[PDB]
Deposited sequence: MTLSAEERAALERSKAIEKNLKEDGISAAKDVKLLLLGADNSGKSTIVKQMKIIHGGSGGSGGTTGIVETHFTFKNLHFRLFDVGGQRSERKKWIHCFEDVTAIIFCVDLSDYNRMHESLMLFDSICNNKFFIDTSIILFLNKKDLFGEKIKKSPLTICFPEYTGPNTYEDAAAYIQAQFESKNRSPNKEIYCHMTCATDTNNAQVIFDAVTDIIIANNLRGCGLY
């Protein structure tokens, strides 16, 4: 600072510090969402209005004065527990499960259990999506739910069969502090952004209550 050049070098550093705070404030206003699910569980088209901005695929959209950043990590074939901590500060997790695929149904259950009980996602809420519920209802006639779940003993009606699958996933949550937002959606459904927005708004309020000291 004593030298004439050091004074200008210090001034340059201060200008850099000011831009770092401005960028960080704008970055904290974005809702970052981690998108997970099976290999083909409908996560590619979970939201129609979203547009993409081997690697991580980031997708962003704006809904009701809120900016959502969706990260799809399905392209990373490497070990998940070596890079899953990069999303420890995610607002919520969107988990997609296909109800019309019994072969991958048990794959989703064990995938859900690891993520739900992960050491880096203890306080992270999950927005569970059960896609293709219309195909599940059509296919539940010929193919009973007992094929994928041998222990299932309830009625074969569509309403109870879908509810039993949802209860299977919510049973994987062993932490009372975690809230899971389940939703039954179709392939032609076009209100998935509202479901995410409603679930994120509830999460934000819980975060705000922690921020304001009420919690």
Self-check item: Missing segments of the deposited chain sequence, listed N- to C-terminal
Solution: 1, 55 to 64
